[PDB]
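Counting from 1, position 122 in the sequence shown corresponds to residue 123 in the authors' numbering; the numbering is continuous, with no gaps.
Even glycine gets a Cβ: it sits at the ideal position worked out from N, Cα and C.
One structure below.
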Amino acid sequence: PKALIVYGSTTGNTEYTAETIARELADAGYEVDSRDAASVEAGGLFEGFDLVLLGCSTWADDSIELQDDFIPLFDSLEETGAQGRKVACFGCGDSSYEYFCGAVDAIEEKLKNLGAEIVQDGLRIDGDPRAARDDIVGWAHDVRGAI
Ligand SMILES: Cc1cc2nc3c(=O)[nH]c(=O)nc-3n(C[C@H](O)[C@H](O)[C@H](O)COP(=O)(O)O)c2cc1C
């Protein structure tokens, strides 16, 4: 199977998380394509992928709390080929904020509205992802089991 991982990360936490998930999928036999949201074009982005994992950090704001590099993708999610696609979301945040990992909820909800198939509840990491390595690997393990 081929998996696409797209992440938006400012300080590197969601990027570390994406790389950890990418390793788990690869060690399980998937061919994985891991890309920074700052470098992708939304049009047909998901074409040909069996599984798509989208990740992003949350930044408190009055209008949109998604990480800046992910915004353009999020705004054009309807052109990616999400209908009937198996997808799962993940993201880093901090539970001292009201909207803890709120970007994960936002992305899941829009993918659901576009007809995607959410394979597993989103991975929400509090603090340093390096300290949650077991949680990432385990979630990655469960998403492969749902595909
Ligand atoms: C100014 C600021 C605002 C933040 N706002 C939120 C927030 O609204 N919700 C949340 O869960 N985390 C919030 N965080 C925590 C970041 O999402 C967290 O530091 C995260 O690990 C960053 O991930 P990244 O390195 O992949 O961009 C905020 C952090 C800062 C510095």
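By DSSP, does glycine 9 sit in helix, in strand, or in coil?
strand
Quick one: give me the first and last residue of the beta strand (DSSP E) that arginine 36 is part of.
32-37
Measuring only from the beta carbon, is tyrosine 31 closer than 7 Å to any heavy atom that is part of ligand 1?
no
Whose C-alpha, out of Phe50, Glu20, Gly103 and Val33, is nearest the C-alpha of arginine 131?
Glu20
Tell me the rounded alpha-carbon separation between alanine 38 and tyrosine 8.
5 Å
Please tell me whether, using a cut-off of 7 Å, the distance from the CB of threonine 81 to the nearest non-hydrogen atom of ligand 1 is below it.
no
Simplified DSSP state of residue 1, which is helix, strand or coil:
A question about residue 1 goes unanswered here, because the residues of the chain that appear run from 2 up to 148.
Within the segment 48-86, note down every full beta strand (DSSP E) run reaching 3 residues or more, in order along the chain.
52-57
If I'm right that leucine 26 touches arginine 145 with Cβ under 8 Å, what's the distance once you round it to whole angstroms?
7 Å
Using DSSP with H/G/I as helix, E/B as strand and the rest coil, what is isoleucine 148?
coil
Please classify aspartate 129: is it buried, with 16 or more other beta-carbons within 10 angstroms of its beta-carbon, or exposed?
exposed
If you run the structure through DSSP and keep just helix, strand and coil, what is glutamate 118?
strand
Grouping DSSP H, G and I as helix and E and B as strand, with all else coil, what is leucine 124?
strand
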